[PDB]
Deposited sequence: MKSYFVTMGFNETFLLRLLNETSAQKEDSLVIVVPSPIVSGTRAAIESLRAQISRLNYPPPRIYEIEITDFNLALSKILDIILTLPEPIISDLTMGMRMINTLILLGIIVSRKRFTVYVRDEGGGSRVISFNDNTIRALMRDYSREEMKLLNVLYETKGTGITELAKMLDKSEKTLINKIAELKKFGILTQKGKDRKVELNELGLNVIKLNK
């Protein structure tokens, strides 16, 4: 079970693609935030989405309208919605107004809930990230960790154990949860490259 949290523009097909790609189920939650007032294009897109959801056995959408006047007053409404969504929260920034997508994006990050955000090339190519990515980039690494990463960066991958001079691993599984390295040779991933780049 999961939650979809998106805004809606004039084209419901972006959301239909997201719902099928991630195998949406009826038990899931679908929450659509739209600007106030609801313009004709957005309303038509919602009715078009209702008819197509009712055929495909998807979850019924809940629609929230919010005025977009102040960054904090609008974030306040986005946050109240977010605390009512069970994790993980699936989001896609390719559709709807940029202002509202910005508030959704910032809303899930500061809420510290689990999430997966997708962003597409126009509506073919696609990139994604999650709460683990953001937390791995926002983390203040200690020097025991930082100089271990810098060694892995310079050695490119127990030969490691006789460099920092320790025993022979509990920290390895801890850093594998942050997705910054893998594991035989301990291999640093691209996310770890960004880690080191942020703290050099």
{"query": "Coordinate gaps, deposited numbering", "finding": "124-125, 160-162, 174-176, 192-195"}
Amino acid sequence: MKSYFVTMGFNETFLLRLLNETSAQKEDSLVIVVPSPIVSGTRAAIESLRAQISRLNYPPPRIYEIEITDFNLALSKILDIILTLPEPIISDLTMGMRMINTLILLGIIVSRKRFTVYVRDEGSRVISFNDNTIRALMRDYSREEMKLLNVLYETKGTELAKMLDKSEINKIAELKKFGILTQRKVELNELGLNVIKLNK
From here on, numbers count along this sequence of modelled residues.
item	value
Per the entry, higher mean C-alpha B factor between 101-109 and 67-75	67-75
Comparing 138-146 with 44-52, the one whose average Cα B-factor in the PDB entry is higher	138-146
Residue of maximum C-alpha B factor among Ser29, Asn132, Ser36, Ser167, per deposited coordinates	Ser167
Ranked C-alpha temperature factor of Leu181 among modelled chain residues, by third	highest
Third of chain Cα B-factors occupied by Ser23	middle
Chain third (lowest, middle, highest) by recorded CA B-factor, residue given as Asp92	lowest
CA B-factor placement of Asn199, once the chain's modelled residues are sorted into thirds	highest
Ranked against its chain, the third holding the CA B-factor of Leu188	highest
